[PDB]
Every structure is written in C-alpha cells, then in structure tokens.
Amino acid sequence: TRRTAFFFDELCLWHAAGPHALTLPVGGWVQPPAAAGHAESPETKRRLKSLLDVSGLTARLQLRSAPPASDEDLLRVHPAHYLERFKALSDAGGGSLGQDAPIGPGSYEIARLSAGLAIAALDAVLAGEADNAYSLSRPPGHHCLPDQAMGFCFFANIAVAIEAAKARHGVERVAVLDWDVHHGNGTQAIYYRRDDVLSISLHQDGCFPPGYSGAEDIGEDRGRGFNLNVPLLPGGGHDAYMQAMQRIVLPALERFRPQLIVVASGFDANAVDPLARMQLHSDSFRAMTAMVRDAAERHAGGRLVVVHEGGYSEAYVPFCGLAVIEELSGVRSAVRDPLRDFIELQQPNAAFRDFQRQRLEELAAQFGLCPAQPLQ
C-alpha cells in the first residue's frame, strides 16, 4: 500500500482574525457574532484532524511537521516590504492586510508555518520520503498575490513551495489542479507567462473573485495554453465535476506530462458550504483524488501533493477531507458519510446536467483538447 505523509501542525489552528460575521467585518450594520466568528475558522480544519484521529486514519499516515518558511523562501514570491508590513500589523494585534484578508495577533508567524508545511510536503514527495502527501496548510494560499493579500490568504503557499522545490530539486514540470470552488487567481497570475507550471482551476463561475469566469484567459506568450479555467455553472454537483475532470483536466495533464502534481484542495464545493453554491459530496472528492492520483502514477512516478485551501462547513468538510486522505493512502476507514445519500437526491436534473455537459464539450474544443484515453 501507499505511504502518505500528513503535514500538520497544531499551531496552524491558532491563527484567528478579529470579529467577523461569516466574511463580513464586524462594525457598522454587522453585529458581532455570539459564537462563530470569521468563516475561515480553526474549527473546520480542527474537526478534520479530529475525525482522522478517531477513524484510525492518522495512525496509518506518516505524521510530519516542518520548520516555518524562511525569508529566503518567501522572498522568491513576495517583496521584503510586504513581509515587513505583514509582520508590523501582526505585532500590533492584527487588522486588515488586504481586501478580504484580515489577520490576528501573531498571524505572521503562523502564516510562515503554513507556507513551511507546503514547502516540506513537496520536498518529501520529491525526495522519495513518501509516495504522496497532504498538507493541512492554514492559513490558505491560492488567492494571494506577490504584493497583495486577498481572500483570506497572506502568502502564496503553493507558489512559494514550487519555487523552493525548483531551487532545491530542479523539477521542470509541475501541474497545479485547483478544485477549491473559488478561482485560483494567485497561482494563475504568478505562473501566467510560464510553461513550467500548468495551472488549472475548476471554480464556480463568478463566485470569487466576484464576476470572474476566465475561460478565455489561457496564459500568455511563453505560458499560452498553460493556464486553464473551467467556470462551472452555480448549482452543479457530482456530474459537472466528473465531466470537467474527464473532458478537460485529464487531457490537459496528459499533454503536459507533469513530473509532480499539486492539488489546491479546497472543500468549499461541498453541498452545504456557505461560500459557494455547488453540490459535491465526499465521494466526489474521493473520485477527483482517484483520478489525479492515477494521473500522478502515470506521469509523475506517483508524486502527488494535496494542499488544504478552503472549506467552510464545520459539519461536512471533515467527511470530504477524510475521503481524500483515504484515497491518497489506500486505507478505507469505517467512517460512513451521513449526508451522502441525501446529497445524491439533490443533484441537478438530467436537463441541467446535459446543459452543463454541452458547455464543457464546447470548452474542451475551445481549449483544443483531444479526447484521448489515459495511458503509460
């Protein structure tokens, strides 16, 4: 069976912003919550860890921590003045580092650790210490720009990890598949003119950043054709994502021949997430993980890293994350998803499924993707 490293540090669960109601800063007409604060709360990630423990999964993984990201690692993406400004605000008790990017006291150090876990997870897999890895990187990364925090992200975790991996191991082709329900704009921007990183984002059309679809943004010059956005219709579920995987993602990976696959794995496409309108269940995440693991085994010697991004349902994210880790490790626990059958009944009807399928067929043709089968 497979050796799966689980990169985790309890301190990542200690990052916390000032009072928010969901994503709204408290103040003006927004009353402070009586309990549940900012949507990016420790509790989703903590409940995943707890379920991994009680299920017996954690005992079957290689549990690892890592040193925090060095200034050197961070400076490959971010300027010194960004680091200074972030640290100053963190030392002064927190506040607003960007639009939709609130920080708390000591968040700077915790963000460095989150980035460090992602760096170390790529390193372990490239070094052959594990077949694959899951990094519980909080705070998340995939919206962060080099000089602009956004969407709850303060460092560009995956980009920092990739640039570190290139410096240490000399990997030439990395694919980043971002199935967080929101657009991976940070990864897209950083690698937009680069052909050494294929960035693919599956996202709800127009969700975040708001109004962005992006199908026509395929990269430029050297990077032309090495960025793919799949703007799925709000309301879609299992079939929409499976069709996207089969018609766009897998053909794109086949042409690119990645030596390493990184997944920006948010769980906010789940059917009860407040921050998007998609209808995935735990078995959808399982199936996506199975597909990308297979692609990694065919092109990249099994080298796959999954980095935790979003997911805002305290109740349901634990089941979705568990499914991914079971699939990475090849270990099936006794956990049974209590919402699975219910979510199956809520799925788009045949007319809606056909409508989305036709759009994905059109998009695959627009990308110039050939419907080949998996081989090698």
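Just count from 1 along the sequence shown to find any residue number.
- Remark: stretch with higher mean C-alpha B factor among 315-323 and 59-67 is 59-67.
- When the two stretches 136-144 and 98-106 are set side by side, the higher mean Cα temperature factor goes to 98-106.
- Of the candidates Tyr82, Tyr192, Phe154, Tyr241, the PDB record gives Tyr82 the highest C-alpha temperature factor.
- Between the residues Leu198, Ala88, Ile248, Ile119, it is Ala88 that shows the highest Cα B-factor in the PDB record.
- For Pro348, the recorded CA B-factor ranks within the middle third of the chain. Only modelled residues enter the ranking.
- Ranked by Cα temperature factor within the chain, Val30 sits in the middle third according to the deposited record.
- Ranked against the other modelled residues of its chain, the C-alpha B-factor of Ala334 as given in the entry falls in the highest third.
- Among the modelled residues of its chain, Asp131 has a C-alpha B-factor that falls in the highest third according to the deposited record.
- Sort the modelled residues of the chain by CA B factor and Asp53 lands in the middle third.
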